[PDB]
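Single-letter residue listing:
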Amino acid sequence: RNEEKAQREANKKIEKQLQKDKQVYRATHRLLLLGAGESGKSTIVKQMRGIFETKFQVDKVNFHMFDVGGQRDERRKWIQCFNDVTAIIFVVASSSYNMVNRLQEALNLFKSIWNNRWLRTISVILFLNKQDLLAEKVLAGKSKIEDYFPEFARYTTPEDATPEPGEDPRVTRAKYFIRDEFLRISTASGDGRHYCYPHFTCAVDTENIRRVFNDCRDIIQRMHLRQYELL
Amino acid sequence: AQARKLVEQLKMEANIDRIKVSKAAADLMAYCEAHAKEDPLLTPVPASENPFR
Amino acid sequence: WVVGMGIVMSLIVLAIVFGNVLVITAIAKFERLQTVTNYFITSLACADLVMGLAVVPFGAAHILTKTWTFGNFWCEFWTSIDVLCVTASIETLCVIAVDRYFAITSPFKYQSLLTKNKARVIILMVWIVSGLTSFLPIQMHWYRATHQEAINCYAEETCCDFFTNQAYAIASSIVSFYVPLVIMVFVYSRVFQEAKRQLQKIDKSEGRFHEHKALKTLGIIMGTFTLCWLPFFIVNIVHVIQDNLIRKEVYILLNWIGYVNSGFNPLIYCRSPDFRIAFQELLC
Amino acid sequence: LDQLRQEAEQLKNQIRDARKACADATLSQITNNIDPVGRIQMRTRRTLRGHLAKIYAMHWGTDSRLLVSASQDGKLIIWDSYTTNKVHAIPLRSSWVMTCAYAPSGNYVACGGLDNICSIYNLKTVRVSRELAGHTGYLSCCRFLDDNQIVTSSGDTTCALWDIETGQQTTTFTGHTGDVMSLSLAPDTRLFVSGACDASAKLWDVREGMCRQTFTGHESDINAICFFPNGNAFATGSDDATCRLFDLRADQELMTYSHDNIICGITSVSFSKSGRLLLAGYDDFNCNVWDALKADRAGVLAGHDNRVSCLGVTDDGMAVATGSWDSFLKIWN
Ligand SMILES: Nc1nc2c(ncn2[C@@H]2O[C@H](COP(=O)(O)OP(=O)(O)OP(=O)(O)O)[C@@H](O)[C@H]2O)c(=O)[nH]1
Ligand SMILES: CN[C@@H]1CCc2c(ccc(O)c2O)[C@H]1O
């Protein structure tokens, strides 16, 4: 008699609280921060500001970011939990093409992440970090790309490619060669579900917060367009 | 070294007593037969006693 | 002769009822299909089912027997329900188009703008507005005509026809057809521009290594509706302004071509793979 | 030195020779004159709603009435099977949780996840009562051995036995190579097993703290493990679409459960009250019911729109519950 009346109030309170929390859950977009070793995730997240979290807001839109450097392990099995994120941010050191090779390991990591069974419909926002050390090494440097990557010798910069102001042609050629190797993996097995968004960012640059916003908006727009069979 | 512990550990697993497979199979069959009438999932209960009905 | 027409009408009724009942059953039975967008579709299916179960069979019986064998009240009710179904089966298309426009052009605010609470209010408002222009001007005698033929036919209980004055004929057309038409045109223009921009972006980004679908989809969606309903609502305005421009038979033919549109909505708005899988299980 | 590594193999072989000599027949040969149980049909009885995201874990209560469940939205909810009305809704500091547990006395609830911290809550006071730290990887399972001590397994190839009152580890178990996925306690709570990520299951001793046996039957990662009610057998489910029933005394497997029409992994394994029916959850969004004595399928439990990630059977053996990524709990009977 009294038991049902007692339980009804608790049920109503819990249901009301869940209905309230549903809106704030749906409003926020979740990202995943995943990078190679010594790439520069820490400086990027610091400029933006076993687990590390960050909540930030732009244009009345709430983003909420996940660093996973805690359980770094050779074998990833916690990758299954992240099949419901909006985007994956990849940070790679562009200037480390001769040390330790490291760029080959980064490319292998990107290829393995791209073809994961559980992450078939997740896009990748890619930040080619450390843009100034690359120019420093290229401009009159002892070590050049063809020594470590043989294919660089014949490659020439695309005609339609637009170089930034006051940039030597060699720097532009090497910079676009680096991006092409990353886009080649994505175009091979995409099939339309997910894409890649290359970028060129250094540590000093502070406009990345707008690039992430624009890329997330484009990702959602493309998903909605494809759902209705118009793209 | 680390191996010595490994050698020691594996040597430990060697010195145990094992029984024939037929005995274990007979014991499992005997237990399953003995408790075969005291579960609802195998033998459905009358709808009166089911609390979810 | 007469029978062949009779044979067709039966096929039309069977198809219209079957498709809509299948769609409603598939949406209702399965939990996966419940979505904010699927309330509008089920409202449209319910309206089309009401039309195909109420207005088509009685109209076919009247045209075959060439004489109304019921009372004046019954055919007045038939006219009211027919107008209600027709004017409620288009604003739903307009609402669906506006929902797609919000979903595509403003992806961040789509969750907040449209919720499960607002959809029911929108559907109720649309149905109330549809029923306000159908039962009120017809059950009350404000729509009736003045000329000799109409008043002579009104008293007789053997023939029930449709004679209206200029005011109702223009007003119902404006409420039912043109206002949804302009909205749908503008919405789909904006949606086409968005797809063109996104294709341009993808091609610029990765053209080196590697607009037809959007054109085909928009073409079918707009063309079916326009071809089915547009010709009738021209002659509807015309036959009042000009006394003897249009005969009776052409008017009736265009009106019955209009009803056919109710049989194509399930084949247009329910081609998603989820709907196909849901149909699989219910069917087999 | 070199001799020592060489020294080990004479040992591995002696083990193989002893196990080969122990076998005299197969379990199928003896279990051949038993009348089959027949086709079994289960029907849904209750369906619980209220989770906003996918579900990873659940654990039936000791009273066979209440149960707890965890989701990826960071919320623990305690249900009531009979009346299907919620009782508690405990928010979580971290939105990533991979396990949950329920005390035998019904006073405490534990949960842990991607953050390497195990949390304990007091139901009958709802505030955090104790936080346990010390692992270097994500947790995978946690079981209350009693009201004062908990045993956990982590992704850093270790397991531990905690003391809630003081908050420090008591004994540490080592010997695995890869990650540790699941564990189960014996009915007398003196021994427990584990399923590693390198296709190997080990039997530990709680009091001594040293490994006793090792089984290397499978070929891929082991995702779930369940302990036979008698206490002398256990079943493991791997990612190669097979289940195996081992035996502690015989120190080798007896039967295998596989079919040619499935190529999906196995996410959960459980037994019945009598130990006759073995239930396993697959990635094909459905569940299968086996026969522990004949390796012949006896039913399918379909109805879930996404993969099954949790499974449990009541202590009274009245009903079986399933959880899926579609954020729905179902009670079958
Ligand atoms: N020249 C240059 N140096 C950078 C840039 N970004 C980071 N660095 C340097 O790279 C060093 C290592 O990167 P951190 O910023 O510490 O990031 P991190 O934590 O090492 O990155 P992970 O090791 O991948 O976690 C830092 O000491 C930075 O000074 C850049 O854009 N240009
Ligand atoms: C009986 N046929 C009717 C006659 C006039 C009319 C129709 C539909 C919608 C309207 O707004 C109308 O004014 C037709 O279906």
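Residues numbered from 1 in each chain as written, not as in the entry; some residues may be left out. Chains lettered and ligands numbered in written order. Heavy atoms only, no water. Residues with missing side-chain atoms left out of burial classes, pairs and counts.

In its metadata, the entry names cryo-EM as the structure determination method and reports 3.4 Å as the resolution.

Student: Could you give an account of the UniProt feature "binding site: (S)-carazolol" in chain C, naming the residues involved and the relevant values?
Tutor: Residues and elements named next belong to chain C. Per the UniProt record, "binding site: (S)-carazolol" is annotated on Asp82, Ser172 and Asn255. Within the secondary structure, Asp82 sits in helix α3 (residues 72-88). Sequence-distant contacts of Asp82, that is, excluding residues within four places in its chain, are made with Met51, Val55 and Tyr259. (UniProt positions renumbered as here; feature names shortened; annotations may be inferred. Helix = DSSP H or I, 4+ residues; strand = E, 2+ residues; numbered from the N terminus. Contact = heavy atoms within 4.5 Å.)

Student: Just give me the short version of the UniProt feature "transmembrane region" in chain C, but keep the residues and values in it.
Tutor: All names here are of chain C. With numbering aligned to this structure, UniProt lists the feature "transmembrane region" at residues 4-27, 41-64, 76-98, 120-143, 166-189, 218-241 and 249-272. As a span, residues 120-143 carries 71% helix and 0% strand, and end to end its C-alpha atoms are 31 Å apart. Measuring from the first to the last C-alpha atom of residues 218-241 gives 34 Å, for a span that is 100% helix and 0% strand.

Student: An account of the arrangement of the chains is requested, with residue identities and associated values reported.
Tutor: The chain pair with the greatest number of contacts, out of three pairs of chains in contact, is formed by chains B and D. One finds no contact linking chain A with chain B; the least C-alpha distance across the pair is 17 Å. When C-alpha atoms are compared, chain B and chain C, though not in contact, are closest at a spacing of 22 Å.

Student: Describe in detail the interface of chain B and chain D, supporting the description with residues and values.
Tutor: If you look at the interface, chain B gives 27 residues, while chain D gives 47 residues. Tallied by class, residues from the side of chain B that touches chain D come to 17 nonpolar, three polar and seven charged. (Nonpolar A, V, L, I, M, F, W, Y, C, P; charged D, E, K, R; others polar.)

Student: Now, about the sheet that holds strand β2 (residues 55-60) of chain D: what can you tell me, with residues and values included?
Tutor: Within a sheet, neighbouring strands are paired by backbone hydrogen bonds and run either parallel or antiparallel to one another. Residues and elements named next belong to chain D. Pairing is antiparallel in the open sheet, where four strands are placed in the order β2-β3-β4-β5. Edge positions in the sheet fall to β2 and β5 (88-91), since each of these pairs with one other strand and no more. Neighbour-to-neighbour, the strand axes of this sheet turn through a mean angle of 15 degrees, independent of strand direction. Bridge count for β2 against strand β3 (residues 66-71) is five bridges, and the pairing is antiparallel. Paired with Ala57 across the two strands is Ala70, which belongs to β3. (Pairing = 2+ DSSP bridges. Axes fitted to C-alpha atoms, helices over the stretch in contact; angles between N-to-C directions.)

Student: An account of the packing of helix α3 (residues 103-114) of chain A against helix α6 (residues 169-189) of chain A is needed here, citing residue identities and associated values.
Tutor: All names here are of chain A. Where α3 contacts α6, the two axes come as close as 10 Å, and the packing angle between them is 20 degrees. What the angle tells us is that α3 and α6 run roughly parallel. Relative to α6, the crossing made by α3 is right-handed. Across the interface between the two elements, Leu107, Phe110, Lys111 and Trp114 of α3 pack against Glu181, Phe182, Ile185, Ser186 and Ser189 of α6. Looking at the contact of α3 with α6 residue by residue, the classes come out as five nonpolar, two polar and two charged. (Parallel < 35°, antiparallel > 145°, perpendicular 65-115°, else oblique. Left-handed = near helix turned anticlockwise from the far one by under 90°.)

Student: Tell me what's going on with the state of the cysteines, and back it up with residues and numbers.
Tutor: Residue and element names in this part refer to chain C. In this model, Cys75 is linked to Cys160 through a disulfide, with the two sulfur atoms separated by 2.0 Å. Taking the torsion about the sulfur-sulfur bond, which here is approximately 70 degrees, the covalent link between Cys75 and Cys160 counts as right-handed. Within this pair, whereas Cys75 is found in helix α3, its partner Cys160 is found in the loop between α8 (148-155) and α9 (166-206), the two being separated by 85 residues in sequence. (Disulfide = S-S within 2.5 Å.)

Student: Now, about the packing of aromatic side chains: what can you tell me, with residues and values included?
Tutor: Here the aromatic rings of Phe110 of chain A and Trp114 of chain A are separated by 5.6 Å at their centres, their planes lie at 40 degrees, and the arrangement is tilted. Taken together, the residues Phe110 of chain A and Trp114 of chain A, both in helix α3 and four residues apart, mark about one turn of the helix. With a centroid separation of 5.5 Å and an interplanar angle of 40 degrees, the aromatic rings of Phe152 of chain A and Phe177 of chain A are classed as tilted. Of this pair, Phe152 of chain A sits in the loop between α5 (145-148) and α6 while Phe177 of chain A sits in helix α6, placing them 25 residues apart in sequence. Each residue in the set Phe177, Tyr178, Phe225, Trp229, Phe232, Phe233 and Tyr251 of chain C is aromatic and connected to the rest through ring pairs, giving one cluster. We note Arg144 of chain C situated over the ring of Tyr154 of chain C; from NZ or CZ to the ring centre the distance is 4.6 Å. In this structure, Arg49 of chain D packs its charged tip against the face of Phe328 of chain D, placed 5.9 Å from the ring centre. (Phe/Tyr/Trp six-rings, centres within 6.5 Å; stacked < 30°, edge-to-face > 60°. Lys NZ or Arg CZ within 6 Å of the ring centre and 35° of its normal.)

Student: I'd love a proper account of the sheet that holds strand β7 (residues 108-113) of chain D, names of residues and values included.
Tutor: All names here are of chain D. One open sheet holds the four strands; their spatial order is β6-β7-β8-β9, and the pairing between them is antiparallel. Each edge of the open sheet carries a strand with a single partner, namely β6 (97-102) and β9 (128-133). On average, adjacent strands in this sheet sit at an angle of 20 degrees to one another, irrespective of strand direction. In the sheet, β6 pairs with β7 via five bridges, with the strands oriented antiparallel. In the strand pairing of β7, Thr99 is matched with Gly112.

Student: An account of unusual backbone geometry is needed here, citing residue identities and associated values.
Tutor: Residue and element names in this part refer to chain D. Of note in the backbone geometry, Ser64 takes a positive phi value of approximately 60 degrees without being a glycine. Along the chain, the position of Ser64 falls in the loop between β2 and β3. Even without being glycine, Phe285 reaches a positive phi, approximately 65 degrees.

Student: Account for the packing of helix α2 (residues 38-65) of chain C against α3 of chain C, naming residues and giving values.
Tutor: Residues and elements named next belong to chain C. Packing of α2 against α3 brings their axes to within 10 Å, and their N-to-C directions diverge by 145 degrees. Handedness of the α2/α3 crossing: left-handed. When α2 is examined against α3, the residues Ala47, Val50, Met51, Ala54, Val55, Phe58 and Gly59 are found in contact with a partner set consisting of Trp78, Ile81, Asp82, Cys85 and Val86.

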